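Working notes, structure below.
With ideal geometry, Cβ positions are generated from the backbone for all residues, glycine too; neighbour counts draw on all protein chains shown. Taken together, the values in this text are just the output of simple stated rules run on the coordinates, not laboratory data.
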Amino acid sequence: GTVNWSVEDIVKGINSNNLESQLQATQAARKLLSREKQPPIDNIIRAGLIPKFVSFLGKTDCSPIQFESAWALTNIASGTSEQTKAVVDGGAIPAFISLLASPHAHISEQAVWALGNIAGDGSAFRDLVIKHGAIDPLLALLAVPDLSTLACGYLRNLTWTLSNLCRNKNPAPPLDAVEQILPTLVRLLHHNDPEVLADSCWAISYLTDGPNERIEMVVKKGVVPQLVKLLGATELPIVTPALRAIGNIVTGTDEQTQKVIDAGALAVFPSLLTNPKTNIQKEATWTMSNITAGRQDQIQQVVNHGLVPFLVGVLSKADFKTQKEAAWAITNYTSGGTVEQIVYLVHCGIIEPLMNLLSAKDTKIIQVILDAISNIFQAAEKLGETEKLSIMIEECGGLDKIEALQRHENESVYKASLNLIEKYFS
Amino acid sequence: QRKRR
Amino acid sequence: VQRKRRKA
């Protein structure tokens with residue numbers, strides 16, 4: 001019927017004075033734009049069809065053509081920034097917002113989706129969608145006693161669109177928009193659908209990716225316990241954003257970090273630091289590095305949960321980027337830790353794998369390790385065991401590596417290595 | 001300390 | 001798919 005029309009036939013039908021011919025041509029356009037292989041987005045734009053689709057969004061007495069044009073425009077807006085911009089430039093944003101209140105759920109859903117693609121283009125279009133007033137009607141769609149009475153796909157699209165209104169930086173979303181969205185977002189974060197949970201966690205991760213004031217906005221809503229629960233989920237698409245959110249939160253103040261610890265997060269890190277997905281291990285070790293950059297009582301809670309052996313393990317064997325995060329976690333630990341915590345770190349076996357990482361061709365990790373080693377030596381000086389440490393570093397071949405660092409192509413590396421071999425191995 | 005990616 | 005979603 002409407003399968004595989006040419007752009008020319010679509011144009012002919014949409015330019016007729018016949019609402020039904022326009023409906024069939026718009027459906028044919030929708031089908032072209034929904035084909036799996038390279039939809040003719042640019043051809044549809046160059047035909048000048050976006051304005052007509054936008055006008056069709058307003059034809060209340062023909063809900064089928066509203067739906068079909070909403071879908072066509074959704075898929076145009078799914079493309080490049082230029083194609084989304086073509087949709088916006090046609091006046092689509094206000095028409096979709098007006099469709100959010102459509103009594104036909106499939107049409108409102110299509111408007112939600114379209115607005116999500118527009119907002120997903122980036123910060124400018126996100127904020128323009130917000131200025132046109134999309135948040136009120138979007139959240140009104142979710143103002144029900146129990147989210148379970150909404151259709152799974154409807155709810156998933158609403159959540160994904162909201163996540164895009166929370167996404168992107170430079171600039172971040174308007175503070176008032178975030179505050180308006182958060183109560184609904186937290187309600188979705190407690191819903192039982194894995195895709196709703198994943199996109200809610202992503203939204204929260206976006207909101208916590210920034211200065212401490214944004215973190216505080218989120219933490220004040222009490223979502224941290226729920227984030228830790230999701231951190232222990234089986235579905236990787238949930239763990240990943242939950243871990244990202246937790247990592248963001250612990251980049252904030254020590255109080256925010258403590259909220260994460262008190263929620264029980266550290267108990268999940270035995271699994272996360274041994275998680276077979278490289279990205280989980282990396283992000284978990286990054287989160288650990290930011291926790292070991294906290295207070296001494298927080299380092300102490302890292303110790304109490306038994307995570308130092310897991311950092312020793314990561315340092316001993318993991319993808320290099322994870323090992324770099326583990327090196328950072330060790331340097332932070334040794335910069336902020338007590339002498340007893342630093343010796344405990346050594347008794348867990350940190351020295352050998354740290355020295356083994358000194359044979360890397362990356363200069364940052366080298367400097368990080370030398371700083372950690374120096375901090376450990378300073379601890380030994382406070383204990384008088386500097387010589388025992390020097391010996392330990394020598395047995396595992398570390399002295400050779402430091403001597404080689406003397407002839408390194410970096411100045412700070414040279415100064416650190418020379419300083420170590422002069423203050424200790426002399 | 002507070003690496004923030 | 002995360003930024004933009006084409007409806008197929």
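Positive contributions from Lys and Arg (+1) and negative ones from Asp and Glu (-1), summed over other residues with Cβ under 15 Å from the Cβ of A:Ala140, come out at -1. Using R0 = 41 Å, the C-beta based FRET efficiency linking A:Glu255 and A:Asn419 works out to 0.70.
Quick one: length gained pulling A:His132 to A:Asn279 fully straight, 0.36 nm per residue minus the C-alpha distance? Intermediate values should be presented prior to the final figure.
On the way: separation 147, 0.36 × 147 = 52.92 nm, distance 3.77 nm.
That works out to 49.1 nm of additional length.
Past the 29 Å Cα-Cα mark, which pairs from A:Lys85/A:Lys169; A:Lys169/A:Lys361; A:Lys259/A:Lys321; A:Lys220/A:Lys277; A:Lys131/B:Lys3; A:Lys85/C:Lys7?
The pairs that break the limit, which is 29 Å between Cα atoms, are A:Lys169/A:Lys361; A:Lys220/A:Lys277; A:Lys131/B:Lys3.
Compared with the alpha-carbon gap, the fully stretched path from A:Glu340 to A:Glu411 is longer by 22.4 nm at 0.36 nm per residue.
The label point for A:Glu82 and the one for A:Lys361, both projected 7 Å from the Cα toward the Cβ, are 3.9 nm apart.
Loop-located trypsin sites (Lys or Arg not before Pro) across segment A:117-169 with a Cβ neighbour count of 12 or fewer within 10 Å are A:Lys169, with loop assigned by DSSP.
Just so you know, the Rg over Rh for segment A:285-381 is 0.92, from Cα atoms, with Rh as the Kirkwood radius.
Our coupling estimate for segment A:87-96, obtained by passing each phi through the Karplus curve with A = 6.51, B = -1.76, C = 1.60 and θ = phi - 60°, is 5, 4, 4, x, x, 5, 4, x, 5, 5 Hz, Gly and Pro reported as x.
Work out the length of the dipole vector of chain A about its Cα centre, built from +1 on the beta-carbon of each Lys and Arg and -1 on the beta-carbon of each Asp and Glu, and round it to the nearest 20 debye.
Values: 35 positive and 44 negative charges, 162 e Å.
Here the size comes out at about 780 debye.
Farthest toward the positive end of the dipole of chain A, out of A:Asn375, A:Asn419, A:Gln22, is the Cα of A:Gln22, where the dipole comes from beta carbon charges about the Cα centre. The phi torsions of segment A:242-250, fed into the Karplus equation with coefficients 6.51, -1.76 and 1.60 and a -60° offset, translate into couplings of 4, 5, 4, 4, 4, x, 4, 4, 6 Hz, rounded to whole numbers, with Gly and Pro shown as x. With the charge dipole of the protein assembly as shown set up from +1 on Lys and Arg Cβ and -1 on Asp and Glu Cβ about the Cα centre, the Cα lying farthest toward the positive end among the listed residues A:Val11, A:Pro39, A:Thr363 is that of A:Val11.
Given a Förster distance of 35 angstrom, what is the FRET efficiency for A:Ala267 paired with C:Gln2, based on the Cβ-Cβ distance and rounded to 0.05?
Working: r = 29 Å, r/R0 = 0.84.
Computed FRET efficiency for A:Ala267 and C:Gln2: 0.75.
Using a simple spin-label model with pseudo-atoms 7 Å out from Cα toward Cβ, A:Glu8 and A:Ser123 lie 4.6 nm apart. Across chain A, C-alpha contacts under 8 Å between residues 6 or more apart give a mean separation that, scaled by the residue count, equals a relative contact order of 7 percent. With neighbour counts taken as other beta-carbon atoms within 10 Å, the residues C:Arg5, A:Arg35 rank, fewest first, as A:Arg35, C:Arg5.
Hey, got a sec? Which GluC sites (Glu not before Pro) in segment A:1-78 land in a DSSP loop and have at most 10 other Cβ atoms within 10 Å? Intermediate values should be presented prior to the final figure.
On the way: sites: A:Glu8, A:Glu20, A:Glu36, A:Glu68; in loops: A:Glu36.
Those that pass, being in a loop and sparsely packed, are A:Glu36.
Between A:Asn18 and A:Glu179, the modelled labels are 5.6 nm apart [label points 7 Å from Cα along Cα→Cβ]. Projecting the Cα atoms of A:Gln323, A:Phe56, A:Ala267 onto the charge dipole of the protein assembly as shown (Cβ charges, centred on the Cα centre) puts A:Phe56 farthest toward the positive pole. Backbone phi angles across segment A:379-384, fed through the Karplus curve with coefficients 6.51, -1.76 and 1.60 (θ = phi - 60°), yield HN-Hα couplings of 5, 4, 4, 4, 9, x Hz in residue order; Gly and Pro are listed as x. For segment A:1-425, the calculated P(r), taken from all Cα-Cα distances in 10 Å bins from zero up to the bin holding the longest distance, is 5, 19, 22, 17, 14, 11, 7, 3, 1, 0 percent.
Rg/Rh for segment A:1-154 stands at 0.97; both radii use Cα atoms, and Rh follows the Kirkwood definition. Per residue of chain A, the DSSP helices (runs of n ≥ 4 H) give a summed -39500 (n - 2.57) that works out to -22000 deg cm²/dmol at 222 nm.
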